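Structure first, then comments.
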2 protein chains.
Amino acid sequence: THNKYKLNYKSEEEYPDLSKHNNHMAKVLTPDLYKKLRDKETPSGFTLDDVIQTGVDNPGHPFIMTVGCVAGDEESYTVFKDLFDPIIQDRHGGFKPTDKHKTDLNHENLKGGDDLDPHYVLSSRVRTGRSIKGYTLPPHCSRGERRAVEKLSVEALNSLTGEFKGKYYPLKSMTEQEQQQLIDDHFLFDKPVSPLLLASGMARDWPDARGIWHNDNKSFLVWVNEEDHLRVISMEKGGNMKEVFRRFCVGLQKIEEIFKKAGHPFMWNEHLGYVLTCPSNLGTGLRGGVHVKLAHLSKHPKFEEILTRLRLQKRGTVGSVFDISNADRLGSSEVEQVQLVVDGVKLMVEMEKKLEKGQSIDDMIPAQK
Amino acid sequence: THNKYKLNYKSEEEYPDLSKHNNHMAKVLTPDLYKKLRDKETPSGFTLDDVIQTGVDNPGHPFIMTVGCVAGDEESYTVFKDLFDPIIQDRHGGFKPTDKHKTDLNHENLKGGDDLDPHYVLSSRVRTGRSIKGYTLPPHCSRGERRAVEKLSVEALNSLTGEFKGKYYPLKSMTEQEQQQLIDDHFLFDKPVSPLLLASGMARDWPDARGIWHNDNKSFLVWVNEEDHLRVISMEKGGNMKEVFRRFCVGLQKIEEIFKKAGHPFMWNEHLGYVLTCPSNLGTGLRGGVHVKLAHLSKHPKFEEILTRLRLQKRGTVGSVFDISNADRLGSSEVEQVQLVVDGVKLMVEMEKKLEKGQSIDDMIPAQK
């Protein structure tokens with residue numbers, strides 16, 4: 001956006017006013033850091049102003065900190081490491097610039113995911129995101145890049161067979177019937193309404209080159225060109241998390257090898273693992289989650305503390321069902337994260353059964369993991 | 001946004017999909033025109049993709065056509081004239097590339113604005129917008145440019161005296177009391193919610209360097225760095241449109257001469273008149289309006305046709321009050337536009353008085369102006 005033209009202004013005159021802001025970007029940005037990085041750019045011309053814009057536009061709420069910045073590029077994380085590195089270290093529990101992310105795509109290293117109590121575990125899912133090397137990320141990508149990402153993705157997905165045979169639904173030419181089926185399948189996405197996403201520029205040209213793919217069994221779902229180039233979900237009613245995770249891993253490997261053959265592998269490096277637009281999703285990008293009925297445990301005074309010790313977190317959803325998933329993303333592997341979900345949920349179901357009988361769970365509260 | 005990087009893609013691969021669109025941009029853009037202009041840029045790096053983005057994002061509704069493009073720059077209108085010229089010609093009643101806009105800032109050339117019936121005319125207002133030469137327009141301007149626009153504007157406004165003595169209210173440091181006073185004064189603006197405005201990038205860094213100035217008499221109002229660099233309104237209860245227009249003109253002249261002395265005159269040329277972000281506002285940028293009670297005439301079968309013949313238009317607002325203003329912007333002067341409002345409203349009040357008595361108005365229906 002006229003970077004050499006903006007660089008005619010003094011850094012002070014361009015420096016954002018972040019006095020009311022509560023996000024990770026505003027905590028780290030200083031006048032000196034802005035001055036040092038304002039003249040840099042990635043090979044695709046992504047700038048510091050572009051990385052920080054959503055954090056400038058969205059000061060947020062004192063209760064919760066947002067990240068407040070995006071990568072437009074693989075090399076955004078390097079060119080602007082003096083911004084991203086302290087953000088990453090704060091957001092991801094001390095993960096340092098010299099630390100290494102371990103990736104583990106072997107679902108057989110999972111131990112015991114198959115027997116989660118279906119009276120309590122209503123469903124099991126594992127999701128992640130992926131970027132495709134050679135293309136810039138949604139905040140920045142051109143219509144041509146986004147179209148090339150779609151074409152590669154659909155051709156890969158159309159070639160899968162067996163359990164992974166499926167069909168692609170472009171948002172632009174979706175019929176009302178096809179839309180309505182995807183809504184009550186819970187497979188549809190639409191244009192983001194989040195001001196954090198909109199202010200980053202990722203919703204441009206909507207719905208061009210966005211779409212939905214899913215397999216015939218409706219157990220493996222891919223979203224194309226939404227928040228990241230790809231978002232991949234494996235899901236199942238019940239509690240066979242091991243089977244969900246196998247299908248997740250095998251399905252991703254099949255897409256990965258097609259993309260590698262085309263010279264466009266999944267974006268990855270040994271420091272950050274899989275890179276994606278939002279720094280909070282780095283590493284595994286993985287949210288492995290259950291829906292669990294915790295009628296009694298959710299009322300226990302230590303419910304929040306138990307979740308912390310198990311390194312899990314909850315969001316919203318018969319009766320008092322909770323959407324529980326791993327909190328970690330960077331500095332621990334896909335297997336370790338799903339293992340934490342498996343072990344943690346198994347314990348919390350045991351806790352719930354105890355409270356059903358009026359028995360204390362305090363001896364069951366684990367030490368911090 | 002990486003223009004040379006986007007220019008590595010073929011023009012076909014970057015060409016927007018506008019098949020579902022109903023805006024002036026989509027009517028004019030062709031593959032050949034996109035290919036010819038995609039590699040151009042203004043001195044501030046504004047590109048064709050930037051001019052058209054809001055029209056790509058907002059296909060709109062079949063009933064009403066939107067413009068679907070913005071200028072980021074004074075020279076956007078020249079660099080991309082092969083896009084803007086046919087849009088302007090369609091939007092502004094045949095106004096050709098070689099035509100000249102006449103500007104007339106002498107309120108004394110108005111004839112007879114003082115005696116509009118106050119039993120029917122509840123209020124009178126004249127608004128316009130202005131851009132400041134040397135700074136890019138809100139879709140594109142940097143925080144430093146926007147801050148410089150504010151500083152120049154406030155210093156000019158703070159120096160006015162007499163009828164035009166006033167005070168500036170920055171949005172960022174506004175107290176609740178100051179806000180609440182401006183709301184029930186009807187002087188406040190906030191962050192735009194229009195997807196047409198948001199998709200153009202003009203709401204970046206909100207509320208930085210936005211604010212409100214008004215005189216002590218609450219009859220002259222200036223908005224800084226909202227849709228355009230300046231939006232200026234003169235208003236009054238009642239029907240002394242001549243006095244509103246005098247105050248409007250004199251207040252603008254006082255701001256104009258300060259800005260000229262600083263080497264930053266109002267942006268203007270002989271072809272387009274005052275230039276602004278939206279092509280529909282070129283020429284005068286002027287919306288001169290009344291609120292009028294037309295209890296009987298608004299029900300007459302020819303109400304819409306009478307408005308057309310008078311070159312006026314209505315929007316929404318005791319009983320059945322209509323917000324009536326001039327439809328023209330480009331190819332006619334400020335005086336001619338307010339004159340059309342004065343003469344047209346006077347006729348429609350006379351029509352209303354006739355219908356109050358059960359008398360026909362057909363002999364009063366004017367020929368097309």
Side-chain angles (χ1 to χ4, degrees), chain A residues 1-20 34 38 41-47 49-50 52-59 72-73 135-136 139-148 151 170 172-173 191 193 195 198-199 201 203-209, chain B residues 1-20 34 38 41-47 49-50 52-59 72-73 135-136 139-148 151 170 172-173 191 193 195 198-199 201 203-209:
Chain A
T1 168
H2 67 278
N3 207 43
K4 291 162 105 195
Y5 194 94
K6 291 196 279 187
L7 291 155
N8 293 115
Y9 284 83
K10 299 182 276 198
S11 175
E12 73 191 17
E13 277 154 350
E14 293 295 344
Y15 184 72
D17 179 7
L18 307 178
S19 48
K20 294 200 199 342
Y34 186 83
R38 64 185 292 223
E41 73 186 14
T42 67
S44 82
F46 207 72
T47 69
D49 278 345
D50 302 315
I52 63 167
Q53 187 63 76
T54 180
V56 181
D57 288 1
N58 296 293
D73 262 348
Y135 302 102
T136 65
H140 195 54
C141 63
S142 80
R143 281 184 294 272
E145 280 185 295
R146 198 189 292 112
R147 285 169 183 166
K151 177 180 163 63
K172 72 192 317 152
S173 61
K191 192 173 172 165
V193 289
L198 294 167
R204 290 167 295 102
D205 317 299
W206 201 274
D208 197 299
Chain B
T1 168
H2 67 278
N3 207 43
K4 291 162 105 195
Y5 194 94
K6 291 196 279 187
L7 291 155
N8 293 115
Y9 284 83
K10 299 182 276 198
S11 175
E12 73 191 17
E13 277 154 350
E14 293 295 344
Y15 184 72
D17 179 7
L18 307 178
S19 48
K20 294 200 199 342
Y34 186 83
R38 64 185 292 223
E41 73 186 14
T42 67
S44 82
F46 207 72
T47 69
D49 278 345
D50 302 315
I52 63 167
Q53 187 63 76
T54 180
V56 181
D57 288 1
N58 296 293
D73 262 348
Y135 302 102
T136 65
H140 195 54
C141 63
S142 80
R143 281 184 294 272
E145 280 185 295
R146 198 189 292 112
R147 285 169 183 166
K151 177 180 163 63
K172 72 192 317 152
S173 61
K191 192 173 172 165
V193 289
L198 294 167
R204 290 167 295 102
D205 317 299
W206 201 274
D208 197 299

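Every chain is numbered from 1, with letters handed out A, B, ... down the list of sequences. Heavy-atom basis, side chains included; hydrogens, waters and symmetry copies ignored.
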- Is it the backbone or the side chain of B:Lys172 that comes under 4.5 Å from a heavy atom of chain A, or both, or neither? both
- Query: What part of B:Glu14 lies closer than 4.5 angstrom to a heavy atom of chain A: side chain, backbone, both or neither?
  - Reply: both
- Message: Tell me every residue that passes ring-ring contact (aromatic ring centres under 6.0 Å, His included) with A:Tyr9, counting only those two or more places apart in sequence or in another chain.
- Response: none
Heavy-atom side-chain proximity of [X] to [Y] below 4.5 angstrom:
X: A:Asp17; Y: B:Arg147; result: yes
X: A:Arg143; Y: B:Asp49; result: yes
X: A:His2; Y: B:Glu145; result: yes

- Note on the structure: Scored by heavy-atom pairs under 4.5 Å with chain A, the best of B:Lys6, B:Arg204, B:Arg146, B:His140 is B:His140
Where does [X] contact chain B at under 4.5 Å (heavy atoms): side chain, backbone, both or neither?
X: A:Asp205; value: both
X: A:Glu41; value: neither
X: A:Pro43; value: backbone
X: A:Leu18; value: neither

- Message: Quick check for you: to the nearest 0.5 Å, what is the distance between A:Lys191 atom NZ and B:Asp57 atom CG?
- Response: 5.0 Å
- Taken to the nearest 0.5 Å, the spacing of A:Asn8 CG from B:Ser44 OG works out to 11.0 Å
- Task: Count the heavy-atom pairs under 4.5 Å between each of A:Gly45, A:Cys141, A:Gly144 and chain B, then report the option with the highest count.
- Result: A:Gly144
